[PDB]
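> Model the following, please.
(chains A, B, C, D and E)
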Amino acid sequence: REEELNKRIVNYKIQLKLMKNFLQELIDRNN
Amino acid sequence: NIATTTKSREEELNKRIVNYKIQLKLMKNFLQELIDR
Amino acid sequence: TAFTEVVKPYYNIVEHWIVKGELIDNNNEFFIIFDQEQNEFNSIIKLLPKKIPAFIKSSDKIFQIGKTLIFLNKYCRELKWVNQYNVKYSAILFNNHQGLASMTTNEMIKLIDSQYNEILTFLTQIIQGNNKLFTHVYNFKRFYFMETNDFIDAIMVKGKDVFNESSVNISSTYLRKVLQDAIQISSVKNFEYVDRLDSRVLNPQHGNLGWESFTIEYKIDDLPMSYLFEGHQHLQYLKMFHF
Amino acid sequence: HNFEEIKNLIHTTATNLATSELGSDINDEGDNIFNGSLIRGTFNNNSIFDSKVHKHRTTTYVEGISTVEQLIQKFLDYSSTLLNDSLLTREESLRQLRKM
Amino acid sequence: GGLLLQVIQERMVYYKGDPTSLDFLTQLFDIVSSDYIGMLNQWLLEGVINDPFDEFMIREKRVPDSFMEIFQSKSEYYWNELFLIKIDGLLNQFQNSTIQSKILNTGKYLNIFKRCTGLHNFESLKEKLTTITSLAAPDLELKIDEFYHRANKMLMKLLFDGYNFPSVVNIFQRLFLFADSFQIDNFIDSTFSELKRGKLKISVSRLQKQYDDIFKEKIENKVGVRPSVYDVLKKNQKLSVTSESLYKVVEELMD
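Numbers count the residues shown, from 1 in each chain, chains lettered A, B, ... in the order given. Provided below are the atomic coordinates:
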């Protein structure tokens, strides 16, 4: 059963990484 | 079957998810403050 | 004339293996090799008796020096003494002499013997010193071989109701409560390594009751000693405990 | 009950640092190894051992907290414990608490 | 840019058995790499990046002027996002997660110390330090570990002895978790009629004042008398009404 929790964990890992990359893109473009 | 242990496996996973929900929402609030300017 | 320069690279491989404990030859031209597929320290490294050259001496000691060096500087993570040793014996190979090639066989054998004695002396001073191998083997015998009968009586009296239900029903919190209560009741609460104790259920099958699955596990993962003790030995320690 | 542990640990760390000088001296030898250490090329085979070993075994908080990362991690774990123990982490417990 | 080291190392594999060619290539690699060692040594010894060519792996980035005020308030994102590791220019020695983390955190911790206590450099401490002699040296991991331990030692003593963190923990306990419930009890008693009214049916600005009279009251002290950390943190706190109700805000992190 816990496979589902692990799957959601990895999905949120990807989402957090995307958000951080968005911050880096925005800062690079503003500079 | 996966071995049972004294430490609660599901509790650890759930705590990780909650800590990943706090980081996401704080990051979203910061990005909203950054974008609107 | 040609053999001196042709053999120098082989002696450089041997120098790197002897002093720092690392393998350089990417091609198959040495009598020591690795096995990445293996999953235990003692058998990742193996010797090749067919490839031992005639001009090399004390090969069976070179192998042990290199293996113990790898073990020390990658599992025990004792970098300080490894660095001190590296400096000490580089000051003999490269300063006193001009390398392994510029060394007569008698002096080369003597140097390898000195390195072997020093390395095994330090390996003892760690494994049976800071790690206290004998004490942990004694504790293995104390717990796995049932010696502290009071602790197990405490576990059984405290868990006389938890173990009744099927192995699937028992949860982690109930096991922790049982173990802590049994530790408090018995004389293990004053035991030096009471922290290391940990209970588990191996196979939570529907047809297996609690009595047929509970096993006590002594955690030694915090020490480098755990890499010496392969899983097969632990499995034979859990079989005899079951009986 | 959870805060007692952190209070004890932080008191121990404060006492440990009180007696500790500021700034540490680092010494080194002449390092004559040269070619006996360069190991130039693509790389060695030692990379497999670094991945084979694991460093998930850290406990007993000996001599208090020694790294700022553990200092932050202890408080993060404490806050996570406070949220999880309270009836706010599951959906059934939170719903029942809200109704009550 | 930094790709030259990769070319030399790739080139050096074929001449690994040739004495003269290997000696020349090793000498060339040693002299060429010296600048990179200078950058790394300054980063690990003083926490300062110097050369503006963006050659170095630890990429500190400037905050845009348009966001200066935002990043000053939320310094956590400044100190956690605007330091990066440029993976392209890394050698195989640094191609390890833990080593990368140790280098980055050592440099950041020294930078925090310098910016906090105001020191331009660590001359006052007069400590004896050893620099990394070469990238091919065998004790690179040991040197990095020693530098990281030094940085932790300094930052730990700063936080505990200098900034009085242990008392900040008790202050947070009191203010947030009511380890001393007398003040909050007075607050609830004083504003019992207001708190139970619907969100919009009561003036928000009054609760701020009725809270400050209870919590952040003050008696001043003469010049030169040191303030207590509790004194400093009392005036920082602000209590405000928010639109996100408890049962709604906690649902996200699942009148």
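> in stretch C:4-21, what counts as buried?
For stretch C:4-21, the neighbour count (16 or more other Cβ atoms under 10 Å in any protein chain shown) marks C:8-21 as buried. Any C-beta I mention is one placed from the backbone N, CA and C, and that applies to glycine too.
> Tell me which residues touch the residue nearest to the spatial centre of chain D, please.
Residue closest to the average C-alpha location in chain D (Cα atoms, centre = their mean): residue D:70, at 3.4 Å. By Cβ atoms under 8 Å, 6 or more residues apart in numbering or on different chains, the contact list for residue D:70 is empty.
> in what helix or strand does it lie?
Here residue D:70 sits within helix D:68-85, counting by DSSP states H and E.
> can you tell me the residue of chain A closest to chain D?
residue A:5 (13.0 Å; Cβ to the nearest Cβ).
> Are the helix or strand that residue falls within and chain C in contact anywhere?
For residue A:5, the host element (DSSP H and E) is helix A:3-30. No. Counting by Cβ under 8 Å from any Cβ of the partner chain, chain C has no neighbours in helix A:3-30; the shortest distance is 15.5 Å.
> any idea how far that helix is from the chain center?
On the basis of Cα atoms, centre = their mean, to the nearest Å, helix A:3-30 sits 1 Å off its chain's mean C-alpha point.
> tell me what it is packed against?
helix B:9-35, helix E:75-81 (3 or more Cβ pairs under 8 Å, 6 or more residues apart in numbering or on different chains; DSSP states H and E).
> In JSON lines, list those helices along with mean neighbour count.
Listed next are the helices and strands packed on helix A:3-30 as JSON lines, based on neighbours: other Cβ atoms under 10 Å in any protein chain shown:
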{"stretch": "helix B:9-35", "mean neighbour count": "15"}
{"stretch": "helix E:75-81", "mean neighbour count": "14"}
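> can you give me the strands for the stretch 51-200 of chain E?
Using DSSP state E, counting those that start in this stretch, the strands of the stretch 51-200 of chain E run over E:58-60, E:83-85.
> For the residue of chain A closest to chain D, which non-adjacent residue is closest in space?
Distances taken as Cβ to Cβ, 6 or more residues apart in numbering or on different chains put residue B:13 closest to residue A:5, at 4.4 Å, once the chain neighbours are dropped.
> need the contact list for the one you found.
Counting by Cβ under 8 Å, 6+ apart, residue B:13 touches A:2, A:5, A:6, A:9.
> One more: residue D:87?
D:93, D:94, D:96, D:97.
> Out of these, which comes closest to chain E?
residue D:94 (6.8 Å).
> and chain C, which residues reach chain B?
So chain C meets chain B at C:167, C:170-173, C:175-176, C:179, C:198-205 (Cβ under 8 Å from any Cβ).
> ok, and the most crowded of the residues you listed?
Scoring the residues of chain C next to chain B on neighbours with other Cβ atoms under 10 Å in any protein chain shown, the highest-scoring entry is residue C:201 at 24 neighbours.
> how about the nearest residue to it, chain neighbours excluded?
The shortest distance from residue C:201 to any non-neighbouring residue, by Cβ to Cβ, 6+ apart, is to residue B:4 (4.1 Å).
> Just give me the neighbour total for that neighbour.
22.
> Residue C:240: neighbouring residues, count only.
Residue C:240 has 10 neighbouring residues, counting by other Cβ under 10 Å.
> any idea how far it is from chain E?
39 Å (Cβ to the nearest Cβ, to the nearest Å).
> cool, residue A:13 as well?
For residue A:13, the distance to chain E - Cβ to the nearest Cβ - is 15 Å.
> Between the helices and strands packed on helix A:3-30, which one is closest to residue C:121.
Ranking these by proximity to residue C:121 (Cβ to Cβ) places helix B:9-35 first, at 43.1 Å.
> picking that back up, off-centre distance for the helix holding residue D:70?
So, by Cα atoms, centre = their mean, the centroid of helix D:68-85 is 11 Å from its chain's centroid.
> Specify the angle between it and helix B:9-35 in degrees.
On the basis of axes from the mean of the first three to the mean of the last three Cα atoms, to 10 degrees, helix D:68-85 is oriented at 110 degrees to helix B:9-35.
> how about helix D:68-85: buried residues?
Going by neighbour count (16+ other Cβ under 10 Å), the buried part of helix D:68-85 is D:68, D:70, D:71, D:74, D:80, D:84.
> Chain D contacts on chain C?
By Cβ under 8 Å from any Cβ, the part of chain C that sits against chain D consists of C:12, C:15-16, C:19-20, C:22-24, C:26, C:34, C:36, C:39, C:44, C:70, C:74-75, C:84, C:86-87, C:90-91, C:93-95, C:195, C:221-222.
> now swap in the stretch 151-255 of chain E and tell me
Taking Cβ under 8 Å from any Cβ as the criterion, the neighbours of chain D within the stretch 151-255 of chain E are E:152-157, E:159-161, E:165-166, E:169, E:173, E:177, E:247, E:250-251, E:254.
> about what we covered before: tell me the buried residues within the residues of chain C next to chain D.
Buried members of the residues of chain C next to chain D, counted by 16+ other Cβ under 10 Å: C:12, C:15-16, C:19-20, C:22-24, C:44, C:70, C:74-75, C:86-87, C:90, C:93-94.
> ok, residue E:146 to chain C distance?
Note on residue E:146: its distance to chain C, by Cβ to the nearest Cβ, is 10 Å.
> Skip the chain neighbours and tell me the closest residue to that residue.
Take residue E:146 and drop its neighbours on the chain: the residue closest to it by Cβ to Cβ, 6+ apart is residue D:26, 5.1 Å away.
> Residue E:128 is in contact with the one you found, correct?
Yes. With contact defined as Cβ atoms under 8 Å, residue D:26 counts as touching residue E:128 (7.1 Å).
> neighbour-wise, which of these two wins?
Between residue D:26 and residue E:128, residue D:26 has the larger neighbour count (other Cβ under 10 Å), namely 15 against 9.
> which residues touch that one?
Residues counted as contacts of residue D:26 (Cβ under 8 Å, 6+ apart) are E:128, E:129, E:130, E:143, E:146, E:147, E:150.
> That one: what secondary structure?
Under the three-state scheme (DSSP: H, G, I helix; E, B strand; the rest coil), residue D:26 adopts coil.
> Could you check which residue of chain A lies nearest chain E?
Nearest to chain E, among the residues of chain A, is residue A:30, at 4.2 Å (Cβ to the nearest Cβ).
> now that residue: how far from residue B:34?
Here the criterion is Cβ to Cβ, to the nearest Å. By it, residue A:30 lies 9 Å from residue B:34.
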